[PDB]
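Report on one structure; see the data block that follows.
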Amino acid sequence: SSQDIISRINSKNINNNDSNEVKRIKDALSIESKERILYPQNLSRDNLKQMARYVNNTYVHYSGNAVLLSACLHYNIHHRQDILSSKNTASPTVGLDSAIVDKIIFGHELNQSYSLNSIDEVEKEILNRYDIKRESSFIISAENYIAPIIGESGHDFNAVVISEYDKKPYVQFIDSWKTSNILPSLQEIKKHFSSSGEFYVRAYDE
Ligand SMILES: [Cl-]
Ligand code: NA
Ligand code: NA
Numbered sequence: 008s009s010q011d012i013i014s015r016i017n018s019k020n021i022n023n024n025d026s027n028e029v030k031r032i033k034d035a036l037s038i039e040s041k042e043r044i045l046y047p048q049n050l051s052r053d054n055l056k057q058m059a060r061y062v063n064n065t066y067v068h069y070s071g072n073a074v075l076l077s078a079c080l081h082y083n084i085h086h087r088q089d090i091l092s093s094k095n096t097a098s099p100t101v102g103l104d105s106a107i108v109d110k111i112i113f114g115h116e117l118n119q120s121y122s123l124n125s126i127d128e129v130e131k132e133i134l135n136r137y138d139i140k141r142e143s144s145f146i147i148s149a150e151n152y153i154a155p156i157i158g159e160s161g162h163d164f165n166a167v168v169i170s171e172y173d174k175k176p177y178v179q180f181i182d183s184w185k186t187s188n189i190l191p192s193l194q195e196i197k198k199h200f201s202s203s204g205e206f207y208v209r210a211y212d213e
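Using the authors' numbering, the first residue of the sequence shown is number 8, and each one after it goes up by one.
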C-alpha cells in the first residue's frame, strides 16, 4: 500500500490548485518499508505511545500539522507497523486539507460521522462502534480546539479502543501533535475545548 501512496504523491493528475498541498505532503512524509516485526494484533497502551512517537519526527522548534500526523498514525495503526512519519516544517495550521491528505494516504476521502457535540459523546460513539463491529481505531476532527497562542482552531487527533485482560474496553485518545501529553485522559483533553463543540469521527476500512 505504501507504493500506492508514492504513485499518488508523484502523479501528474493533480489540479494545480492542489499541487502546493501535495508538495508539502511529499516533503514532510517519510515511508519506511523494510520488513520488521509487526505490532501485536491486540495493541497495548504502551504500543500506542511508541507509535505516536514514531509518526512525529519533526525537528525541534517545529510542531508539524495535526492533519498529516493523525492520518499517518491512523495508517500505521491499521497496518500494525511504523511505516509513515512526518518531518514537516510547514505551518501547523494552514495549507493542509484532510480531503487531500486522505486521498494521498488512503486513496480516498474517508467517510465522516454525523457531528458530535462533546468529547464525551465521541467516546460513547466509539464504544458503540466497537460493541457492534469491533471497529477500534479512528481519526477525530474537532472544530474548536484551543491550541497554544492561536486559540480555537481545527484539530485532528486519534482514538483507539484498548482491550486489556479482564478489563472493559476503553477509548485511549492519542494526540501525536501535542507532544507534552500524547496519551491524554478524557479529562485532560476536555480542557482544550469550550462548549463551542463539534467533533467528527472517521476511519479507514479495507
Ligand atoms: Cl500555527
Ligand atoms: Na518538533
Ligand atoms: Na493535554
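For each residue, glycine too, the CB sits at the ideal point set by N, CA and C.
When we look at the beta-carbon of residue i and count the other beta-carbons within 10 Å, is it buried (16 or more) or exposed?
i, result
"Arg-209", "buried"
"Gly-71", "buried"
"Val-101", "exposed"
"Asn-83", "buried"
"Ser-148", "buried"
"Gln-179", "buried"
"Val-168", "buried"
Could you tell me which residues DSSP puts in a beta bridge with residue i?
i, result
"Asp-163", "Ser-148"
"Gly-114", "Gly-114 is not bridged to any residue."
Between the options, which has its C-alpha nearest residue i's C-alpha?
i, options, result
"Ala-35", "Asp-173, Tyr-66 and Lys-94", "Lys-94"
"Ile-112", "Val-129, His-86 and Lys-131", "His-86"
"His-81", "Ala-166, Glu-39, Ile-189 and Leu-123", "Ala-166"
"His-199", "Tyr-172, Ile-157 and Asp-173", "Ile-157"
"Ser-40", "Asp-89, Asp-173, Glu-195 and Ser-105", "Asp-89"
"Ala-97", "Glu-42, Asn-27, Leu-91 and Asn-124", "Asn-27"
Does residue i come out as helix, strand or coil in the three-state DSSP assignment?
i, result
"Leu-50", "coil"
"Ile-32", "helix"
"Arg-209", "strand"
"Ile-21", "coil"
"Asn-63", "strand"
Exercise. Going along the chain, which unbroken runs of the beta strand (DSSP E) with 3 or more residues stay wholly within the stretch 74-121?
Worked result: 91-93
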